[PDB]
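Q: Encoded as structure tokens, here's the structure I'll be asking about.
Number of protein chains: 2
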Amino acid sequence: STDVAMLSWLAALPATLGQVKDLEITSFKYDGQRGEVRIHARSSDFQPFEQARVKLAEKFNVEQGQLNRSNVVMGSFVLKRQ
Amino acid sequence: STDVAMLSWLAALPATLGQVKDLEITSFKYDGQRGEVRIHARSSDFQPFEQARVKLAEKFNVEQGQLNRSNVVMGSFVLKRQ
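Taken in sequence, the protein lines are chains A and B. Just add 22 to wherever you are in the first sequence, counting from 1, and you've got the numbering used here. Just add 22 to wherever you are in the second sequence, counting from 1, and you've got the numbering used here.
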């Protein structure tokens, strides 16, 4: 019905993404029915995405989306529990 | 460009909405460009929405959306800074 564990742990994401230099979160969505969080972010380079994926992977199932350069690099992440 | 203060304070929303009995968060979205958070939730009654609005209003600019009954009551909130 609705994923409360992801809702709780989502509270750690601002502080976590906050540790990554040159990573701007432009949006993020929690979907309780799927228990996922999807995050869009941008940087001046790819390397902040690598740092973010590795950090998110410690406590989440992370999938990185495509990274595209516009001089901004744009990408996304899908998080699920684990 | 991107609203970091809302990103930070968004971390308090799960714990806050969590205090409200019979309020299920089905989704929520942060938009950094607008610096808003939009939340959809459901309950068995209207009263949890009242409790949630009042609590959110302490630290956010809150607008409650329409509440509609399906036996589930469905509504939403838009939060901005203040």
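Note that CB positions come from ideal geometry on N, CA and C, so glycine has one too.
Short of 8 Å in beta carbon distance, which residues of its chain neighbour A:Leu-32, apart from the five on each side in sequence? Order them along the chain.
A: As a first step, residue 32 of chain A is located in the first sequence; it is residue number 10 there, counting from the start. The residues are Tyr-52, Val-59.
Q: For A:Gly-87, which residues in chain B fall below 8 Å Cβ to Cβ?
A: Here the question's residue 87 of chain A lines up with position 65 in the first sequence. The contacting residues do not exist; A:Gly-87 stays about 17 Å from chain B at best.
Q: State yes or no: is the C-beta of A:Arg-103 within less than 8 Å of the C-beta of A:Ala-27?
A: Within the first sequence, the letter at position 81 stands for residue 103 of chain A. Within the first sequence, the letter at position 5 stands for residue 27 of chain A. Closer than 8 Å, so yes.
Q: Let me confirm a value: B:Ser-65 is counted as buried when at least 16 other C-beta atoms fall within 10 Å, else exposed. Which label applies?
A: On the second sequence, position 43 is the one that residue 65 of chain B refers to. So B:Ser-65 ends up on the buried side.
Q: Hey, would you say B:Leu-39 sits closer than 8 Å to B:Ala-74, going by beta carbons?
A: Residue numbering aside, residue 39 of chain B sits at position 17 when the second sequence is read from its first letter. Residue numbering aside, residue 74 of chain B sits at position 52 when the second sequence is read from its first letter. Yes, the pair counts as a contact, with Cβ atoms nearer than the cut-off.
Q: Got a sec: is the Cβ-Cβ distance from B:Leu-101 to anything in chain A below 8 Å?
A: Here residue 101 of chain B refers to the residue found at position 79 of the second sequence. Cβ-Cβ to chain A under 8 Å: no for B:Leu-101.
Q: For residue 107 of chain B, which option in B:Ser-23, B:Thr-24, B:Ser-30 has the closest C-alpha, if you only look at C-alpha atoms?
A: Residue 107 of chain B lies beyond the stretch modelled for chain B, which goes from 23 to 104, so this question has no answer here.
Q: With distances taken Cα to Cα, identify the nearest neighbour of A:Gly-87 among A:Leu-45, A:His-62, A:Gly-54, A:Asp-67.
A: For the purposes of this step, residue 87 of chain A is taken as the residue at position 65 of the first sequence. Considering only alpha carbons, the answer is A:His-62.
Q: A:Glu-72: buried (16+ other C-beta within 10 angstroms of its C-beta) or exposed?
A: Along the first sequence, read from residue 1 onward, the residue named residue 72 of chain A stands at position 50. It counts as exposed.
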